[PDB]
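*Asks:* Before we start, here is the structure in question, set down as structure tokens.
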Protein chains: 2
Amino acid sequence: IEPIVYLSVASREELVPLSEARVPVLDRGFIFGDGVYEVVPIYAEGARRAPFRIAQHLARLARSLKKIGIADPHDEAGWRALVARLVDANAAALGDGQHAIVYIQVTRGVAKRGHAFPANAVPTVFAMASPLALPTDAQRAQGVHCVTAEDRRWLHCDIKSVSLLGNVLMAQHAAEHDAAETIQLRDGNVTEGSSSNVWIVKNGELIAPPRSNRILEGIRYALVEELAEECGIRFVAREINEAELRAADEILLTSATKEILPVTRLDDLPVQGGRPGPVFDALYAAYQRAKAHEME
Amino acid sequence: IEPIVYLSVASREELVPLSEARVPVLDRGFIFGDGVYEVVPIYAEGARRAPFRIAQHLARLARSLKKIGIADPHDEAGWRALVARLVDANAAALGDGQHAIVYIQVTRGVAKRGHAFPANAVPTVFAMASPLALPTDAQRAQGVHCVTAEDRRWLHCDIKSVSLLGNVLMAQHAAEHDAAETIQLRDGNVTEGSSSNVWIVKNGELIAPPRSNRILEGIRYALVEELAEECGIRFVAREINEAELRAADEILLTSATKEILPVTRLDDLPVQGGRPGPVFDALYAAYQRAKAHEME
């Protein structure tokens, strides 16, 4: 069964098979990377599918839109209804028991090509629901490999934008090095991954960089704060320099698709003893409780 | 008469009216800004249209493609033939005497959404010929206004990429300030405009920043070097700090669509006496000779 996607262009909307969904070539999403996006995890219990932290994802979408001057085309209820309809439309394509991600992209729309904002732009909206494969048993048990690289991205990383060539290059770098992610450093301090946030553990304390324009605030930033408090784990927001990263007791990744994931090799060297640590274990369990609590 | 555009997706190519040209929603140009582009000026003498410096533009296209790992889908002759066919196809839409720009965009193609390079990607190619309005008599006589801003772009500015949200924000900033361009500064030194290169004149000498990953090497960089030598104007490649920019005798912009243009107001203050200077005049005349010489 083919995925069914949502597409609205020039205020004309459709729900159609993926193979039939096409955008005009002059959409500024295609020409200028002029748009923002969200990825929302959708968990299945049999035929029942429910989003996780969708209020917080939609609040970020609103922030990303405002940051680049695109008017938000739906209220929160409207976005929620759109996502629900899209997920429902994909019940057969996904199948019972199958988790999903909902991808939402909003661009400034179609106009004569010119860099400044076009007068009276109508935003384009694209949304898709596709299967989500969470990190496996094996990956949680063994942990994953990350490499490091210099952060050469722009300085508006607080916007979740589709101008993602810099992130694409870092993801490809990771893949070429048999790694799940590239941990970027700027001025010798950790920023983030190509599509995940980075945490370390040192002497029983959970540590993350402070919120800033070098780092996208993941929906998991607030969540993991909550989880650490629940678990009685001290959380410290603080710059992490390269030495501190390499000497960490644990290194963790978070994202919508990763949940929380232990990093047990860094640039081909084991992280401590090369196995996931107890803070990962506790936070991962707490994440699963949070999923059950908020959705069931 | 509607513009006719070229589109190749998944190795299937067409020449079609603009209104009929659409790309699949999962093209990585739309999803990830994962692509590069060129803008080539096409000058008309009546019904005859000819590209200017197209060899150099195509060489840059090849460099941009290689820099992000996309295989080049044509040899130089193939690109030249594509451009010629496209311009011919648009003879009626443009009309006699009408200059054009040819826009060429190449993306990594359509695939399941994932940041790393997809295995066996077939690049998408989009090309359009649209009317070019050069800066007017009035603009050359009076000069244009620029504003300055901090350079918050990424650090691979040597790639002419379509991940252009950062450039879009700077172009919009300029428009909001009744300005033609935003001159960016990084670490207190001039880099470039949102879509143009920046030059100053001080004590009869032409000055531009050095080639680097903070600045796209315009096709006009080599050209203007040639023109300055022809005119007996000393050219110096050197960092320009903010003070030197504001105290310049002349400030100039170059791009395919601007040719060379004098900047006579900077952040709402006159540049010297607020009128275009003699180095602008000489270089502009030399540019026109170069056009006549290389194309006629």
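Ordered as shown in the structure tokens, chains take letters A, B, and onward, while each chain numbers its residues from 1 and ligands are numbered from 1 in the order shown.
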Could you list, as a PDB file with C-alpha atoms, in the first residue's frame, the residues of chain B having an atom within 9 Å of chain A when counting only C-alpha atoms?

*Replies:*
```pdb
ATOM      1  CA  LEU B   7      13.061  19.587 -16.053  1.00  0.00           C
ATOM      2  CA  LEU B  18       6.234  26.685 -16.539  1.00  0.00           C
ATOM      3  CA  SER B  19       2.683  26.040 -15.252  1.00  0.00           C
ATOM      4  CA  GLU B  20       3.162  22.327 -15.960  1.00  0.00           C
ATOM      5  CA  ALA B  21       6.589  21.874 -14.362  1.00  0.00           C
ATOM      6  CA  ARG B  22       6.410  20.129 -10.989  1.00  0.00           C
ATOM      7  CA  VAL B  23       8.919  18.078  -8.968  1.00  0.00           C
ATOM      8  CA  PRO B  24       8.186  15.146  -6.678  1.00  0.00           C
ATOM      9  CA  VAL B  25       7.736  16.206  -3.066  1.00  0.00           C
ATOM     10  CA  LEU B  26      10.586  13.939  -1.910  1.00  0.00           C
ATOM     11  CA  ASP B  27      13.156  15.602  -4.157  1.00  0.00           C
ATOM     12  CA  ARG B  28      16.060  16.415  -1.869  1.00  0.00           C
ATOM     13  CA  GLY B  29      16.113  19.912  -3.341  1.00  0.00           C
ATOM     14  CA  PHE B  30      12.707  20.477  -1.717  1.00  0.00           C
ATOM     15  CA  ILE B  31      13.246  18.432   1.508  1.00  0.00           C
ATOM     16  CA  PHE B  32      16.888  19.236   2.309  1.00  0.00           C
ATOM     17  CA  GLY B  33      18.002  22.164   0.141  1.00  0.00           C
ATOM     18  CA  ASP B  34      20.409  19.582  -1.218  1.00  0.00           C
ATOM     19  CA  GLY B  35      21.534  21.062  -4.507  1.00  0.00           C
ATOM     20  CA  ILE B  68      28.790  18.214  -2.444  1.00  0.00           C
ATOM     21  CA  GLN B 105      19.609  23.976 -10.520  1.00  0.00           C
ATOM     22  CA  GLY B 114      17.048  10.419   5.165  1.00  0.00           C
ATOM     23  CA  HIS B 115      19.899  12.914   5.574  1.00  0.00           C
ATOM     24  CA  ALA B 116      22.815  10.828   4.246  1.00  0.00           C
ATOM     25  CA  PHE B 117      23.333  10.423   0.474  1.00  0.00           C
ATOM     26  CA  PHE B 126      15.866  22.225 -13.512  1.00  0.00           C
ATOM     27  CA  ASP B 151      27.457  37.411   8.548  1.00  0.00           C
ATOM     28  CA  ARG B 152      25.542  34.525  10.137  1.00  0.00           C
ATOM     29  CA  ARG B 153      25.810  32.199   7.135  1.00  0.00           C
ATOM     30  CA  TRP B 154      27.488  28.811   7.164  1.00  0.00           C
ATOM     31  CA  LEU B 155      31.177  28.326   6.472  1.00  0.00           C
ATOM     32  CA  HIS B 156      30.922  26.674   3.033  1.00  0.00           C
ATOM     33  CA  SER B 161      24.040  26.029  -2.985  1.00  0.00           C
ATOM     34  CA  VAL B 162      20.251  26.222  -2.874  1.00  0.00           C
ATOM     35  CA  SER B 163      20.216  26.045   0.937  1.00  0.00           C
ATOM     36  CA  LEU B 164      19.623  29.774   0.809  1.00  0.00           C
ATOM     37  CA  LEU B 165      17.436  30.671   3.822  1.00  0.00           C
ATOM     38  CA  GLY B 166      20.329  32.666   5.290  1.00  0.00           C
ATOM     39  CA  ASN B 167      20.702  34.621   2.052  1.00  0.00           C
ATOM     40  CA  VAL B 168      16.931  35.104   1.841  1.00  0.00           C
ATOM     41  CA  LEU B 169      16.945  36.686   5.295  1.00  0.00           C
ATOM     42  CA  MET B 170      19.698  39.092   4.251  1.00  0.00           C
ATOM     43  CA  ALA B 171      17.947  40.004   1.003  1.00  0.00           C
ATOM     44  CA  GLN B 172      14.742  40.680   2.912  1.00  0.00           C
ATOM     45  CA  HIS B 173      16.672  42.778   5.443  1.00  0.00           C
ATOM     46  CA  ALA B 174      17.970  44.887   2.556  1.00  0.00           C
ATOM     47  CA  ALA B 175      14.476  45.289   1.067  1.00  0.00           C
ATOM     48  CA  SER B 194      23.385  38.024  -0.139  1.00  0.00           C
ATOM     49  CA  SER B 195      23.911  37.419  -3.882  1.00  0.00           C
TER      50      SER B 195
END
```

*Asks:* Just asking: which residues within stretch 101-202 of chain B are strand (DSSP E) according to DSSP, as an NGL selection string?

*Replies:* :B and (101-107 or 124-131 or 144-150 or 181-186 or 189-190 or 197-202)

*Asks:* Print the selection's residues with N, CA and C atoms to a file, as a compact mmCIF listing (two decimals), in the first residue's frame.

*Replies:*
```txt
# COMPACT_ATOMS: atom_id res chain seq x y z
N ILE B 101 18.14 35.76 -18.09
CA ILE B 101 19.03 34.93 -17.30
C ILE B 101 18.63 33.49 -17.47
N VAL B 102 19.62 32.61 -17.50
CA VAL B 102 19.36 31.19 -17.42
C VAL B 102 19.74 30.73 -16.02
N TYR B 103 18.75 30.17 -15.35
CA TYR B 103 18.89 29.60 -14.02
C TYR B 103 19.02 28.09 -14.17
N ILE B 104 20.08 27.50 -13.59
CA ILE B 104 20.29 26.05 -13.64
C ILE B 104 20.37 25.55 -12.22
N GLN B 105 19.55 24.56 -11.87
CA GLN B 105 19.61 23.98 -10.52
C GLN B 105 19.79 22.47 -10.64
N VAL B 106 20.71 21.92 -9.85
CA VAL B 106 20.90 20.47 -9.84
C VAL B 106 20.76 20.00 -8.40
N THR B 107 19.91 19.01 -8.17
CA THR B 107 19.74 18.47 -6.81
C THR B 107 20.11 17.01 -6.79
N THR B 124 18.36 15.50 -10.08
CA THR B 124 17.35 16.29 -10.75
C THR B 124 17.99 17.52 -11.34
N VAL B 125 17.60 17.88 -12.55
CA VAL B 125 18.06 19.12 -13.19
C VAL B 125 16.88 19.99 -13.57
N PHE B 126 16.89 21.26 -13.13
CA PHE B 126 15.87 22.23 -13.51
C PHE B 126 16.55 23.41 -14.15
N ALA B 127 16.05 23.88 -15.30
CA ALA B 127 16.64 25.08 -15.89
C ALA B 127 15.55 25.95 -16.49
N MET B 128 15.68 27.26 -16.31
CA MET B 128 14.68 28.21 -16.78
C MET B 128 15.38 29.41 -17.41
N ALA B 129 14.75 30.01 -18.42
CA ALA B 129 15.23 31.25 -19.00
C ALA B 129 14.18 32.31 -18.75
N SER B 130 14.54 33.37 -18.02
CA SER B 130 13.56 34.40 -17.73
C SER B 130 14.12 35.78 -18.06
N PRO B 131 13.23 36.77 -18.17
CA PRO B 131 13.78 38.06 -18.58
C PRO B 131 14.70 38.65 -17.53
N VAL B 144 23.33 52.81 -5.82
CA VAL B 144 22.35 52.18 -4.95
C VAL B 144 22.75 52.23 -3.48
N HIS B 145 21.79 51.86 -2.64
CA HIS B 145 21.96 51.87 -1.19
C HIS B 145 22.23 50.44 -0.72
N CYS B 146 23.23 50.28 0.13
CA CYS B 146 23.40 49.01 0.85
C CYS B 146 23.32 49.23 2.34
N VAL B 147 22.90 48.20 3.07
CA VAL B 147 23.03 48.18 4.52
C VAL B 147 24.04 47.11 4.89
N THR B 148 24.52 47.16 6.14
CA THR B 148 25.44 46.14 6.62
C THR B 148 24.78 45.28 7.69
N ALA B 149 25.26 44.04 7.82
CA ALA B 149 24.78 43.18 8.89
C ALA B 149 25.85 42.15 9.21
N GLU B 150 25.73 41.52 10.38
CA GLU B 150 26.67 40.47 10.72
C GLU B 150 26.45 39.25 9.81
N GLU B 181 21.06 45.64 -1.40
CA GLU B 181 21.87 44.52 -0.95
C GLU B 181 22.27 44.75 0.50
N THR B 182 22.56 43.65 1.21
CA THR B 182 23.15 43.68 2.55
C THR B 182 24.58 43.21 2.41
N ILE B 183 25.51 44.09 2.75
CA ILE B 183 26.93 43.78 2.82
C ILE B 183 27.21 43.14 4.17
N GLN B 184 27.66 41.89 4.16
CA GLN B 184 27.89 41.18 5.42
C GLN B 184 29.32 41.34 5.91
N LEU B 185 29.45 41.36 7.22
CA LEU B 185 30.77 41.41 7.86
C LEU B 185 30.91 40.26 8.85
N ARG B 186 32.08 39.65 8.87
CA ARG B 186 32.37 38.57 9.81
C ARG B 186 33.72 38.83 10.45
N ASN B 189 35.35 41.98 9.30
CA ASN B 189 35.81 42.11 7.91
C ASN B 189 34.70 41.82 6.90
N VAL B 190 34.70 42.56 5.79
CA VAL B 190 33.73 42.33 4.73
C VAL B 190 33.83 40.92 4.17
N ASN B 197 29.15 40.05 -4.96
CA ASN B 197 30.44 40.32 -4.34
C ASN B 197 30.65 41.80 -4.16
N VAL B 198 31.52 42.13 -3.22
CA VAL B 198 31.72 43.50 -2.75
C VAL B 198 33.15 43.94 -3.02
N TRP B 199 33.32 45.18 -3.47
CA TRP B 199 34.63 45.76 -3.78
C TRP B 199 34.67 47.16 -3.18
N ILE B 200 35.83 47.67 -2.79
CA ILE B 200 35.93 49.11 -2.49
C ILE B 200 37.06 49.74 -3.29
N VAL B 201 37.06 51.07 -3.30
CA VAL B 201 38.11 51.86 -3.93
C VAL B 201 38.60 52.81 -2.88
N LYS B 202 39.91 52.85 -2.70
CA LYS B 202 40.52 53.80 -1.78
C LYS B 202 41.80 54.32 -2.39
```

*Asks:* Hey, what does DSSP flag as helix (DSSP H, G or I) within stretch 115-267 of chain B? Can you give it to me as a PyMOL selection string?

*Replies:* chain B and resi 137-142+165-176+219-231+242-246

*Asks:* If you keep C-alpha atoms, can you produce a file of those selected residues as a short mmCIF file (atom, residue, chain, number, x, y, z; two decimals), in the first residue's frame?

*Replies:*
```cif
data_model
loop_
_atom_site.label_atom_id
_atom_site.label_comp_id
_atom_site.auth_asym_id
_atom_site.auth_seq_id
_atom_site.Cartn_x
_atom_site.Cartn_y
_atom_site.Cartn_z
CA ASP B 137 20.30 54.27 -16.20
CA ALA B 138 19.03 55.92 -13.08
CA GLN B 139 20.62 53.34 -10.82
CA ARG B 140 23.99 53.64 -12.54
CA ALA B 141 23.83 57.45 -12.37
CA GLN B 142 22.67 57.72 -8.77
CA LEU B 165 17.44 30.67 3.82
CA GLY B 166 20.33 32.67 5.29
CA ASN B 167 20.70 34.62 2.05
CA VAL B 168 16.93 35.10 1.84
CA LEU B 169 16.94 36.69 5.30
CA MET B 170 19.70 39.09 4.25
CA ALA B 171 17.95 40.00 1.00
CA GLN B 172 14.74 40.68 2.91
CA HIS B 173 16.67 42.78 5.44
CA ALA B 174 17.97 44.89 2.56
CA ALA B 175 14.48 45.29 1.07
CA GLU B 176 13.05 46.37 4.45
CA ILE B 219 32.50 34.86 -12.14
CA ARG B 220 33.02 38.63 -11.94
CA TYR B 221 36.04 38.19 -9.65
CA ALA B 222 38.30 37.05 -12.52
CA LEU B 223 36.53 39.37 -14.98
CA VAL B 224 36.98 42.50 -12.87
CA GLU B 225 40.65 41.60 -12.35
CA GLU B 226 40.94 41.63 -16.14
CA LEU B 227 39.05 44.91 -16.46
CA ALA B 228 41.12 46.68 -13.79
CA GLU B 229 44.33 45.69 -15.56
CA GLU B 230 42.94 46.95 -18.88
CA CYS B 231 42.04 50.28 -17.23
CA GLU B 242 34.36 47.89 8.79
CA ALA B 243 36.15 51.22 9.14
CA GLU B 244 37.74 50.84 5.70
CA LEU B 245 34.36 50.02 4.17
CA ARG B 246 32.70 53.09 5.67
#
```

*Asks:* From the list B:121, B:86, B:16, B:40, which residue is nearest residue B:255 when using only C-alpha atoms?

*Replies:*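 Distance minimum relative to residue B:255 lands on B:40.
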
*Asks:* Within 10 Å of residue B:82, counting only C-alpha atoms, which residues show up once you throw out same-chain ones fewer than 6 positions away? Write them as a PyMOL selection string, please.

*Replies:* chain B and resi 6+74+76+88+127

*Asks:* Pick out the residues sitting within 12 Å of stretch 278-280 of chain A, and hand them over as a ChimeraX atom specification; count only C-alpha atoms, and ignore anything fewer than 3 positions along from it in its own chain.

*Replies:* /A:140-143,199-207,224,227-228,231-235,249-254,259-264,275,283-287

*Asks:* Write a file of the selected residues as a short mmCIF file (atom, residue, chain, number, x, y, z; two decimals), in the first residue's frame, keeping N, CA, C and O atoms.

*Replies:*
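Wrote it out as selection29.cif, contents follow:
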```
data_model
loop_
_atom_site.label_atom_id
_atom_site.label_comp_id
_atom_site.auth_asym_id
_atom_site.auth_seq_id
_atom_site.Cartn_x
_atom_site.Cartn_y
_atom_site.Cartn_z
N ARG A 140 20.52 -0.45 21.42
CA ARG A 140 20.45 -0.02 22.81
C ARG A 140 21.42 -0.80 23.71
O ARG A 140 21.95 -0.25 24.67
N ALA A 141 21.63 -2.08 23.40
CA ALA A 141 22.49 -2.92 24.22
C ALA A 141 23.97 -2.64 23.98
O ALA A 141 24.80 -2.68 24.91
N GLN A 142 24.31 -2.40 22.72
CA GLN A 142 25.71 -2.20 22.34
C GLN A 142 26.08 -0.72 22.29
O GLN A 142 27.26 -0.38 22.44
N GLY A 143 25.09 0.14 22.09
CA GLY A 143 25.34 1.56 21.85
C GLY A 143 25.80 1.82 20.43
O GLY A 143 26.13 0.89 19.69
N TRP A 199 24.36 14.86 24.83
CA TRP A 199 24.43 14.95 26.28
C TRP A 199 25.65 14.16 26.73
O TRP A 199 26.01 13.18 26.06
N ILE A 200 26.28 14.52 27.85
CA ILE A 200 27.26 13.61 28.46
C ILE A 200 26.92 13.36 29.91
O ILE A 200 26.06 14.03 30.49
N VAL A 201 27.58 12.35 30.48
CA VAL A 201 27.47 12.01 31.89
C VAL A 201 28.88 11.98 32.43
O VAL A 201 29.76 11.36 31.84
N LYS A 202 29.09 12.68 33.53
CA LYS A 202 30.38 12.65 34.19
C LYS A 202 30.15 12.64 35.69
O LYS A 202 29.48 13.53 36.21
N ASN A 203 30.69 11.62 36.36
CA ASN A 203 30.54 11.46 37.80
C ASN A 203 29.08 11.49 38.25
O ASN A 203 28.73 12.08 39.27
N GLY A 204 28.23 10.83 37.47
CA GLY A 204 26.84 10.64 37.85
C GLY A 204 25.94 11.81 37.48
O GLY A 204 24.73 11.77 37.71
N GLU A 205 26.53 12.85 36.92
CA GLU A 205 25.77 14.03 36.53
C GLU A 205 25.54 14.10 35.03
O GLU A 205 26.45 13.87 34.23
N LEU A 206 24.31 14.43 34.66
CA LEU A 206 23.93 14.62 33.28
C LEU A 206 24.24 16.05 32.84
O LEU A 206 23.90 17.00 33.53
N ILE A 207 24.91 16.20 31.70
CA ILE A 207 25.36 17.52 31.27
C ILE A 207 24.96 17.79 29.82
O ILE A 207 25.15 16.92 28.96
N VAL A 224 13.92 15.44 28.72
CA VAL A 224 15.00 14.78 29.46
C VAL A 224 15.28 15.49 30.78
O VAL A 224 15.64 14.84 31.77
N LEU A 227 12.80 13.86 32.96
CA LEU A 227 13.18 12.48 33.26
C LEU A 227 14.32 12.42 34.27
O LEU A 227 14.30 11.60 35.18
N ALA A 228 15.33 13.28 34.10
CA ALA A 228 16.44 13.30 35.05
C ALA A 228 15.95 13.62 36.46
O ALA A 228 16.37 12.99 37.43
N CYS A 231 14.34 10.65 37.99
CA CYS A 231 15.31 9.60 38.30
C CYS A 231 16.30 10.00 39.39
O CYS A 231 17.15 9.20 39.77
N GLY A 232 16.21 11.23 39.86
CA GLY A 232 17.12 11.72 40.87
C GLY A 232 18.53 11.91 40.33
O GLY A 232 19.51 11.75 41.07
N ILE A 233 18.62 12.27 39.05
CA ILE A 233 19.91 12.52 38.41
C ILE A 233 20.11 14.03 38.26
O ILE A 233 19.25 14.73 37.71
N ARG A 234 21.22 14.55 38.79
CA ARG A 234 21.53 15.97 38.70
C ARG A 234 21.75 16.36 37.24
O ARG A 234 22.49 15.67 36.52
N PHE A 235 21.09 17.42 36.80
CA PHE A 235 21.27 17.92 35.44
C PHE A 235 21.95 19.27 35.49
O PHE A 235 21.57 20.16 36.25
N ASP A 249 31.84 9.78 30.97
CA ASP A 249 31.48 8.44 31.44
C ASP A 249 30.44 7.84 30.51
O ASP A 249 30.42 6.62 30.29
N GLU A 250 29.54 8.69 30.00
CA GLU A 250 28.54 8.30 29.02
C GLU A 250 28.35 9.46 28.05
O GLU A 250 28.56 10.62 28.40
N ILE A 251 27.96 9.12 26.83
CA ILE A 251 27.57 10.10 25.85
C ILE A 251 26.22 9.64 25.33
O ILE A 251 26.04 8.44 25.09
N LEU A 252 25.28 10.57 25.19
CA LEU A 252 23.91 10.23 24.79
C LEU A 252 23.46 11.09 23.63
O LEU A 252 23.86 12.27 23.53
N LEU A 253 22.63 10.51 22.76
CA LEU A 253 21.91 11.27 21.72
C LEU A 253 20.42 11.28 21.97
O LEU A 253 19.87 10.27 22.44
N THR A 254 19.77 12.40 21.66
CA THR A 254 18.30 12.42 21.65
C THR A 254 17.75 12.99 20.35
O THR A 254 18.34 13.90 19.79
N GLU A 259 14.71 8.55 20.19
CA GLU A 259 14.37 8.67 21.61
C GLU A 259 15.59 9.09 22.40
O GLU A 259 16.03 10.22 22.27
N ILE A 260 16.15 8.20 23.24
CA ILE A 260 17.46 8.48 23.83
C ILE A 260 18.31 7.25 23.54
O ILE A 260 17.84 6.11 23.60
N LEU A 261 19.57 7.49 23.16
CA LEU A 261 20.41 6.43 22.61
C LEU A 261 21.82 6.56 23.17
O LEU A 261 22.34 7.67 23.26
N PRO A 262 22.44 5.44 23.58
CA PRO A 262 23.78 5.59 24.14
C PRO A 262 24.86 5.54 23.06
O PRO A 262 24.77 4.73 22.13
N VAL A 263 25.85 6.42 23.19
CA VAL A 263 26.99 6.46 22.29
C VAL A 263 28.17 5.79 22.99
O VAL A 263 28.65 6.28 24.02
N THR A 264 28.63 4.65 22.46
CA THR A 264 29.64 3.88 23.17
C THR A 264 30.98 3.81 22.44
O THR A 264 31.94 3.21 22.93
N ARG A 275 30.39 0.16 26.82
CA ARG A 275 29.04 -0.34 27.00
C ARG A 275 28.14 0.76 27.53
O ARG A 275 28.61 1.70 28.15
N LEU A 283 17.40 6.78 32.23
CA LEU A 283 16.68 7.74 31.41
C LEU A 283 15.86 7.02 30.33
O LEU A 283 14.74 7.44 30.04
N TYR A 284 16.41 5.96 29.75
CA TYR A 284 15.68 5.24 28.72
C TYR A 284 14.40 4.62 29.31
O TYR A 284 13.34 4.69 28.69
N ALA A 285 14.51 4.02 30.49
CA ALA A 285 13.33 3.47 31.14
C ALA A 285 12.30 4.56 31.43
O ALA A 285 11.09 4.36 31.26
N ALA A 286 12.79 5.70 31.91
CA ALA A 286 11.90 6.82 32.23
C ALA A 286 11.21 7.35 30.96
O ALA A 286 10.06 7.79 31.01
N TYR A 287 11.92 7.33 29.84
CA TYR A 287 11.34 7.73 28.55
C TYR A 287 10.17 6.83 28.19
O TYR A 287 9.13 7.29 27.72
#
```

*Asks:* Can you pull out every residue within 12 Å of residue A:77, counting only C-alpha atoms, but drop anything in the same chain fewer than 3 positions away, and send it as a PyMOL selection string?

*Replies:* chain A and resi 54-55+58-59+73-74+80-84

*Asks:* Could you tell me how far atom CA of residue B:96 lies from atom CA of residue B:49, in Å and to one decimal?

*Replies:*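 Atom CA of residue B:96 sits 8.9 Å away from atom CA of residue B:49.
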
*Asks:* Can you tell me how far atom CA of residue A:56 sits from atom CA of residue A:43, in Å to one decimal?

*Replies:*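 Calculated distance between atom CA of residue A:56 and atom CA of residue A:43 is 16.0 Å.
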